[PDB]
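Working notes, structure below.
What follows is calculated from the coordinates using simple rules that are stated; it is not laboratory data. Cβ coordinates were reconstructed from backbone atoms using ideal geometry, including for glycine residues, and neighbour counts include every protein chain displayed.
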Ligand SMILES: *[C@@H]1O[C@H](CO)[C@@H](O[C@@H]2O[C@H](CO)[C@@H](O)[C@H](O)[C@H]2NC(C)=O)[C@H](O)[C@H]1NC(C)=O
Ligand SMILES: *[C@@H]1O[C@H](CO)[C@@H](O[C@@H]2O[C@H](CO)[C@@H](O)[C@H](O)[C@H]2NC(C)=O)[C@H](O)[C@H]1NC(C)=O
Ligand SMILES: *[C@@H]1O[C@H](CO)[C@@H](O[C@@H]2O[C@H](CO)[C@@H](O)[C@H](O)[C@H]2NC(C)=O)[C@H](O)[C@H]1NC(C)=O
Ligand SMILES: *[C@@H]1O[C@H](CO)[C@@H](O[C@@H]2O[C@H](CO)[C@@H](O)[C@H](O)[C@H]2NC(C)=O)[C@H](O)[C@H]1NC(C)=O
Ligand SMILES: N[C@@H](Cc1c[nH]c2ccccc12)C(=O)O
Ligand SMILES: N[C@@H](Cc1c[nH]c2ccccc12)C(=O)O
Ligand SMILES: *[C@@H]1O[C@H](CO)[C@@H](O)[C@H](O)[C@H]1NC(C)=O
Ligand SMILES: *[C@@H]1O[C@H](CO)[C@@H](O)[C@H](O)[C@H]1NC(C)=O
Ligand SMILES: *[C@@H]1O[C@H](CO)[C@@H](O)[C@H](O)[C@H]1NC(C)=O
Ligand SMILES: *[C@@H]1O[C@H](CO)[C@@H](O)[C@H](O)[C@H]1NC(C)=O
Ligand SMILES: *[C@@H]1O[C@H](CO)[C@@H](O)[C@H](O)[C@H]1NC(C)=O
Ligand SMILES: *[C@@H]1O[C@H](CO)[C@@H](O)[C@H](O)[C@H]1NC(C)=O
């Protein structure tokens, strides 16, 4: 190892593993000369104060005699600047005295220094570093306690048997990560993890919860602090080639830094951020030059801790007082940008500690330092439980304890598996077989000190864990500033929630977070804006133009009080009045009475076939044939071959045909539906041929009888050409009955029945005129 | 470490890592007492002879002075019974003297033993074990040479910098694994890998090649030697719940053993096997009790090797000669099932070596032992190149070599990166930056010694690697015995290659290895048995009943020589003969000549409208109207009001109407298509109303003229009721022309034209009879 160490002697050595530099240099060895270790060129003041938080509690235990009397404590602490290489290079020296059973060819000085073996060890930050170092110490059962390693792979106790945490596991952070977008009500998001044991398994767990809550994922990407610049530009083009305003960033501190500088050069705005706790308080990331594109940044953190005298101990520093710190002189030079020696100028070693801005001392809270501060205490308190072994009631076979002068790491781990004691601020730190405890999380926003631009972290709520699901989370939303200032919550669903008129269809391949919306046709009336399917209307309605609630009814094919038909009804009334005047002339000055009365009935027949149709109004078309067949009695009575009341021989035949037809054909108005929107009509639905047979048996039978009896009398003037007038009236009635047929066969609705009505009225008026006017006016 | 070691002193220590036991015991430590290492209860004679192959070549280098004179060689070899735990427990003692710069608190005896550091080390078998141990030695650049670790993760030189192989990599085995089922012509298979660094990445590479060659995968499963018995039953139920006769097993030796015993209890047969080379020669697996369900087992292996004196050295064994072997006495007791000491009886230490069946000595070839035997030599030959450093032309800065008494592992690795020398049997072992070489593979079958039942491994070909793709592989298939004895190659496609009549459709979700097949309808004629889609027929064909090549033609609606129409044509000929007899009587004993001639033309008119239709045969229906209008001249000439040659006044009108119609309507036979299979007809397609207008203007005009001229003469007998006969003939012709209309309007094809033909013939025959017979017979 180097001189870069932290070591004081003592009865039991502890040692620790700490990131004094974020990034390592990455030189390529070439084997032409003697290879050597690599200097790691970055810094972490938070790591240096983590060292201070270690050694302060160390000296607390040494000074306090209530905590392990007659026992000075050693340590041999090394820097692991985020490489498993130097982590292994350190921990091989940790597995040293236990290798005396393996390396025993040093017999002449095998107990010269007589070193106590490093009994336990404070772990390391990065999950990859801890998983690398855990496999070695699982062999010797040397208990290793991490403080920041927070991946669920280490919860396995098959491989990692000698591993404990003073930090909660990651499943609850994945749970709250699902629940925050649940409460924030989104379905469409893309995430970015780190390509190691911290990012990948936790983002896999978040993928589990995302498909539990049916939240579709845009993308899942991986970066590191050694990522390729083309790959960073590639994933940035992936971001700009897609759309999800929220992003689950689930990485450590310095791994985002190249991507972050690249993005602030790329000047992408609008996308907002979700933070894992490994970078949710990242001072090197939290910079006001980056607060244009970061901000509104929501994350989690641990609760604060309290250490007495600690700020004073942090300013109890001096480079020629670093008898147990190799890193302190380099820290002094690096803070003061100079070159002390026993470009960069000299250093006086006497400057003010609280003079310059540094995250070493300009903190607000104690979280991971607090975890270390209680971690070394929990080691010491399990050790204290060994120190007061109950005489015969230890944690061994038969409770048979051993001495404290010869204590072994497996005994230490056995007592560490059952350690039931409480905090200095009164919290029972108690280990399950997951090797940790669990606490709550704060929930912050990256706000801004507006006059200074220092990115402040306002608590906007928290996440309890001690409740159950659907119950653990509370956010006061009333201090959230989305995109740093916008009070309104933004939009991150993929497809828009469409309006009322278009029902929400589905695209193949893409799930429910991004759909399509299609306006259904022809009776759509889709009322709700976000129902996936619409309904079809009932009978009395048709769709709106904007396909809203269908109210447009059907047709009104009745022509009852229609102005086109009312004038024809008035003309029929005038014809009836002319017939009344002719009968009044015939009365004042069988053919005289009944031929006039049956003609009046044939005139009044079609007037009972007008209006909105019904049962009786439908069956009243049979009297339009019967009264015309009765009015044809003059055509048989007034022939030149003129017992006269024997018109019953055809009247009863027509009546019997109608009595059969009343049960054969339908005497009921038939409301058909020909069109779609306006289709309400009435057409009476006669049976198959009943009306045609009755018409052929009455009308064109009596007219043909009159024509066959007057074919000889047409060339015969008698009673002032009354035979000529009768033949002309018979021809006119036959012409009207012939012309009414195709206009009934080629029509519909209110265009069909009016033709038959007007034709019957016209034929009656013509025959009545050609008889009565030529009779009377002379 | 234990006494279970292999150690002789020497100037440079080497050491190795070897599986003396397949499985370890898996006791759970409970920390109530002193924990300790676990005894591993299995054995591997192949591992023991691998130790022998190490130490024999070691003593060869020591005895040979041409190979490194004045240099005895140490070793410190340990057993790694397939656990990374004991592998690490070994290799911590390997990184020992290099830790003097780290552990320097042993100053009073830091050079007492003055141990030379273990300069290089022969690696280990299992890929997980080698990847575990490689990360440690990559730090110190101690070159480690494996011999069996064959995963492509170790081809990376970023992490594993100090790693070399004397075994080819796995990409070519995955390539040949794709090519063997390519040549064996399958598309549907399910695989089983081992759940570690050997199985998983290679089976991932095979998945790449499977989707390259478009070979769909049934399943990809993972087992170990610590698999769950319910999981083994679960994957066996997965096998029985699916179907693929070939199985890519891609694991080590003992990991299949629980699954294999479970399967031979489960008694699944029919499935055949593909072997990776890690178990393709697995003697503990190759058992005759298992050769019922295994057999036909195809795999790969390395070529054999040759070591002189080696069989004698293997039988140069004695337990009280094991001065550098801790495992040898246990090997002696384990072979002889006894208990030597200085139930199981005593051991004499003097039994015959070649007395019992054991895979220690009952081998056939040298493959991995050969790899070790050349591996230690390649270490020694790079060391020899260091020994004759060219004075100033080494592999350093300026070629500046160092001494052999103080040699470092980075110098050794530098010379190992450039080592260009040849085998004892003359093959240039030369390392690229993949840290290996590449050789061919044999391709075997697990045959049977039929009288002894020992599963013999007949070579059934090989796999060259030095060619390119599509070129590297040759199999003589003529010794393959599928399922151990069946000469025919079996079937493992998912869906069957269907017959000709059903075109191959596609199922959603499942790719081309498993499809559907559907018989297309209505002109299918799908000729090829394995074309995905069919075609539709040309016009002159319709489909077969079994939907094969469509040959069934269309209809023959001509009725030219039809027996139903030939009798009617003969009746028309008899009517023409009767007309000829009547004209002969009228000649022997205008109406006399032309009314007979035009009647003969009207008789012969329809006879030119019979047969298969054509242009002139289609236009010959106009003469059927013209000659009938000419034959109606008697109806105007023979009236009772009887200049006579003025029939031209209507003949020219009919001719001008026909001359207009010849250009108006189509004078061409119209082959319609009404049906589907048999639809070939002829219907002449007249224009819109031309034939109807010409018929109304000629036929029912002349007949109505005759009727209006004879309505008074019907009650007038003259010339023996010739007026009555003429009126009856006119009524008959009008009745025939009226009856021919609906039978033409409601028919088709050969049912329509024959009606008009027979009606014209009947009307002509009736009119000619009613004139001529009543004229002549009196
Ligand atoms: C974004 O989409 C989600 C679902 O994809 C919407 O959540 C639904 O909201 C409606 C009313 O807002 C609720 O009745 C549903 O129960 C919610 N879905 C689920 C699964 O609970 C969310 O409203 C959408 N937000 C925006 C702004 O479009
Ligand atoms: C973790 O969060 C919970 C929040 O549910 C805290 O519970 C509070 O406990 C105090 C003391 O009993 C109560 O007065 C509060 O009403 C609780 N808050 C609730 C119910 O919302 C709890 O203190 C937090 N810390 C720990 C260590 O459990
Ligand atoms: C199993 O299926 C494969 C393909 O899924 C078949 O291989 C095809 O065979 C035909 C003729 O046998 C060739 O014309 C094709 O070129 C082959 N396909 C490819 C992709 O090359 C194979 O014949 C099938 N075997 C059985 C027994 O069904
Ligand atoms: C690897 O396999 C190839 C097979 O392609 C072997 O090549 C043979 O080489 C000999 C010697 O030159 C020729 O006589 C043969 O005709 C080759 N076989 C062919 C072309 O099929 C080769 O020997 C094998 N071994 C090595 C180490 O390359
Ligand atoms: N939990 C992280 C370590 C970590 C937590 N907080 C951090 C802050 C900075 C750097 C690393 C961390 C891991 O598993 O790797
Ligand atoms: N290649 C194997 C090791 C191996 C090769 N052949 C073997 C035979 C038996 C056991 C193991 C092996 C691995 O990577 O793990
Ligand atoms: C970055 O985007 C913001 C958003 O409008 C814009 O105001 C600013 O000018 C941009 N800066 C650069 C350098 O493109
Ligand atoms: C009592 O203790 C001794 C030594 O600690 C041990 O050997 C013995 O098994 C124990 N007996 C019981 C019953 O625990
Ligand atoms: C031991 O743990 C239990 C858990 O409920 C707790 O009640 C008890 O107070 C603990 N004992 C001590 C001494 O703290
Ligand atoms: C195993 O299957 C074979 C295949 O037919 C059969 O002959 C044999 O009897 C079976 N054995 C058992 C134990 O089921
Ligand atoms: C020559 O060798 C010395 C020592 O080996 C070295 O320092 C020097 O750089 C070398 N010069 C060249 C040009 O290689
Ligand atoms: C070195 O390698 C080359 C590679 O082609 C070979 O030709 C040559 O023979 C090798 N040298 C020796 C000494 O074997």
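Using a simple spin-label model with pseudo-atoms 7 Å out from Cα toward Cβ, residue A:546 and residue B:306 lie 9.6 nm apart. Within the stretch B:129-173, what residues put their amide N at less than 13 Å from the label point 7 Å along the Cα-to-Cβ vector of residue A:29? Those under the cut-off are B:135-144, B:158-163. With a ≥ b ≥ c the root eigenvalues of the C-alpha gyration tensor of the stretch B:632-710, is it rounded (a/c under 1.5), prolate (a/b larger than b/c) or oblate? Taking the square roots of the gyration eigenvalues as a ≥ b ≥ c, the stretch B:632-710 is prolate.
Over chain A, the fraction of Cα-Cα pairs per 10 Å bin, rounded to whole percents and listed from the shortest bin up, is 2, 10, 15, 14, 10, 6, 4, 4, 5, 5, 6, 6, 5, 4, 2, 1, 0. Taking the average, over residues, of other Cβ atoms within 10 Å as the packing measure, peptides B:656-662, B:621-627, A:731-737 rank B:621-627, A:731-737, B:656-662 from highest down. Reported value for the stretch B:495-553: 65 Å³ per residue, from the convex hull of its C-alpha atoms. Residue-level result for chain A: its Cβ closest to the axis carrying A onto B, with that distance in Å, is A:109, 2.
Descending by average beta-carbon neighbour count within 10 Å, the peptides B:350-360, A:332-342, B:406-416, A:372-382 line up as A:372-382, B:406-416, A:332-342, B:350-360, the highest first. Ascending distances from the residue B:537 label point to its copies in the other chains, with the point 7 Å along the Cα-to-beta-carbon line: 4.9 nm.
Over the stretch A:521-585, what per residue volume does the convex hull of the Cα atoms give, in whole Å³? Convex hull of Cα atoms, per residue: 90 Å³. The DSSP beta bridges internal to chain B are antiparallel in roughly 45% of cases. Between residue B:208 and residue B:364, the FRET efficiency estimated from the beta carbon spacing at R0 = 35 angstrom works out to 0.50.
The stretch A:521-597 and the stretch A:641-697 have their alpha-carbon centroids 21 Å apart.
Computed on the Cα atoms alone, the convex hull of the stretch A:563-776 gives a volume of 119 cubic angstrom per residue. Of all beta bridges that DSSP places with both ends in the protein assembly as shown, some 45 percent have antiparallel geometry.
With the simple spin-label model, which puts each label point 7 Å out from Cα in the Cβ direction, the residue A:3 to residue B:72 separation comes to 4.2 nm. Each label was represented as a point 7 Å from its Cα along the Cα-to-Cβ direction; for residue A:615 and residue A:478 these points are 7.1 nm apart.
Per residue of peptide A:100-106, the mean number of Cβ atoms on other chains within 10 Å of the residue Cβ is 6. Separation of the stretch A:65-123 and the stretch B:307-335 by C-alpha centroid, Å? Taking the Cα centre of each part, the stretch A:65-123 and the stretch B:307-335 sit 40 Å apart. Placing a label point 7 Å from the Cα of residue A:642 along the Cα-to-Cβ direction, the residues of the stretch A:577-603 with a backbone N closer than 13 Å are A:590-595. Using a Förster radius of 45 Å, what is the FRET efficiency between residue A:507 and residue A:39 based on their Cβ-Cβ separation? Nearest 0.05, please. Given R0 = 45 Å and the Cβ-Cβ separation, E is 0.25. Entry note, the stretch B:354-489: relative contact order of 12 percent, from Cα contacts under 8 Å with a spacing of 6+ residues. Each other copy holds its own label point for residue A:116; taking that point as 7 Å from Cα along Cα to Cβ, the gaps run 4.0 nm, nearest first. Shielding by partners for peptide B:112-121, expressed as the average number of C-beta atoms from other protein chains within 10 Å of each residue's C-beta, is 2. In this assembly of identical copies, the label point of residue A:359 (Cα plus 7 Å along Cα-to-Cβ) is separated from its counterparts by 5.7 nm, sorted shortest first. When both the stretch A:168-208 and the stretch B:446-490 are represented by their alpha-carbon centers, they are found 52 Å apart.
Peptide A:28-34 shows a mean partner chain C-beta count of 6 within 10 Å per residue C-beta. Between residue A:352 and residue A:433, the FRET efficiency estimated from the beta carbon spacing at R0 = 45 angstrom works out to 0.35.
Each of the peptides B:59-65, B:700-706 was scored by the mean count of other Cβ atoms within 10 Å over its residues; in descending order, highest first, they stand as B:700-706, B:59-65.
The base-10 log of I(q)/I(0) for the protein assembly as shown, evaluated at q = 0.05, 0.08 Å⁻¹, reads -0.69, -1.21 [Debye formula, identical scatterers on Cα atoms, solvent excluded]. Note on the stretch A:498-627: the alpha carbon radius of gyration divided by the globular reference 2.2 N^0.38 Å gives 2.06. In chain B, the calculated helix contribution to ellipticity at 222 nm averages -12000 deg cm²/dmol per residue, counting -39,500 (n - 2.57) for every DSSP H run with n ≥ 4.
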